[PDB]
Amino acid sequence: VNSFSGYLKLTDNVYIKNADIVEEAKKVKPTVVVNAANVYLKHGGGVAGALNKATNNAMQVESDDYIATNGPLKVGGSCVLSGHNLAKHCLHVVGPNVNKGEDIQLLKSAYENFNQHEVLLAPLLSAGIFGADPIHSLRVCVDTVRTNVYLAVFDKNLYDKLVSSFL
Ligand SMILES: O=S1(=O)CC(CNc2ncnc3[nH]c4cc(F)ccc4c23)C1
């Protein structure tokens, strides 16, 4: 039993809700919140900008130190950093950005990072400003993630389309 509330169950392990991931994280305080990161961990907009703003820029400060030490992530890769006031940990995952020409096949590799964590609160990778089709992203999620994933979808209209079209 966990504290996630109001989710629709899609599969054995995947759940979905119309919610603001920032507000969902603030209430649940999950072990892991997933950030829709880029390779530079520059949290300027989309989910990343919203999560970082909620941390009063502490996420960005921590991220800049991470990059200065380790260099950029790979597209399809991830790192675990602090969850600050939102979660115990933040898993920064880089899905391909279609608006930069990155290969969509890397979306499966990106979701594989979720399997290293038993339970996660996450957005749909490569959705929103990353330019992928969220219906495709949901399909890859369901077919790749085996751990328990609670997906927050900010836009009510998209949430309803994702549910109604789910196979
Ligand atoms: O429905 S979409 O097209 C948009 C969604 C991807 N982004 C998000 N996903 C879940 N929670 C979110 N909270 C936010 C707050 C913000 F300021 C900006 C973005 C998000 C966001 C696929």
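Conventions adopted
Residues numbered from 1 in each chain as written, not as in the entry; some residues may be left out. Heavy atoms only, no water. Helix = DSSP H or I, 4+ residues; strand = E, 2+ residues; numbered from the N terminus. Rg over C-alpha atoms; globule rule 2.2 N^0.38 Å. Buried < 20%, exposed > 50% of the residue type's maximum accessible area, 1.4 Å probe, protein only. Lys, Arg positive; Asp, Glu negative; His and termini not counted. Charge placed at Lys NZ, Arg CZ, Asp CG, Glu CD. Contact = heavy atoms within 4.5 Å. Polar contact = N/O pair within 3.5 Å; in protein donor to acceptor, adjacent residues only side chain to side chain.

Going by the header, the method for this PDB entry is X-ray crystallography, and the resolution given is 1.0500 Å.

Going by the PDB entry, the protein carries the name Non-structural protein 3 and comes from Severe acute respiratory syndrome coronavirus 2.

## Some remarks on the overall build of the protein
In terms of helices and strands, the protein carries six helices and seven strands. What you see for the protein is a C-alpha radius of gyration of 14 Å, in line with the 15 Å of a compact globule of 167 residues. Dimensions of the protein along its principal axes, counting C-alpha atoms only, are 45 × 35 × 25 Å. Buried residues in the protein amount to 51% of all 167 residues. Looking at the protein, you have 15 positive and 15 negative side-chain charges, and the mean spots of the two groups are 3 Å apart.

## Topic: the environment of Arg139
Here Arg139 shows up in helix α5 (residues 134-144). When sequence neighbours within four positions are dropped, the list of residues in contact with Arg139 reads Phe166 and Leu167. One polar contact links the side chain of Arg139 to the main-chain carbonyl oxygen of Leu167, over a distance of 3.0 Å.

## Concerning α5
Three or more residues of α5 are buried, namely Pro134, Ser137, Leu138, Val140, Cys141, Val142 and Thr144. Elements that come into contact with the buried residues of α5 comprise β2 (14-18), α4 (106-112), β7 (148-153) and α6 (156-164). The N-cap residue of α5 is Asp133: its side-chain oxygen and the backbone nitrogen of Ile135 are 3.0 Å apart.

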